[PDB]
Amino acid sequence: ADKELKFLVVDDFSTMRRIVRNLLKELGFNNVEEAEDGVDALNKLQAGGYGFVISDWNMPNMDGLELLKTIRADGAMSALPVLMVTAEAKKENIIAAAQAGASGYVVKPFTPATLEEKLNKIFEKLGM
């Protein structure tokens, strides 16, 4: 994928965002910004420039599932890739994410290898 691809990393906890940001850097992606909930995320997304969202599940103000649905229903942002992160693979979460059109899911805690594989799966599928 293009190393200038701009990522938005969304989580209400700084430590989780820092993990993802560092992993993206290791993979060669330095164009990365952070958001602390779904509303903060949409505010950044609608300001423009983003090509990929990595979002947690549970957040105040607007949670990750709601963020995903809002993105998918948006007349402009509908196609934006969104990788959802879930604390544990409760089948209901995984199912809900799939139904709502998530690009992929990853269960935390996750290894660097797992995130890399998940991202590449999405890139390759989308011809990125």
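The first residue of the sequence shown is number 1, and the count goes up from there.
On average the C-alpha atoms of 81-89 have higher B-factors than those of the other stretch, with 28-36 and 81-89 being the two compared. A summary of the deposited B-factors shows that, of 91-99 and 51-59, the stretch with the larger mean C-alpha value is 91-99.
Ranked by C-alpha B-factor against the other modelled residues of its chain, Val9 falls in the lowest third. Among all modelled residues in this chain, the alpha-carbon of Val20 has a temperature factor (C-alpha) in the lowest third.
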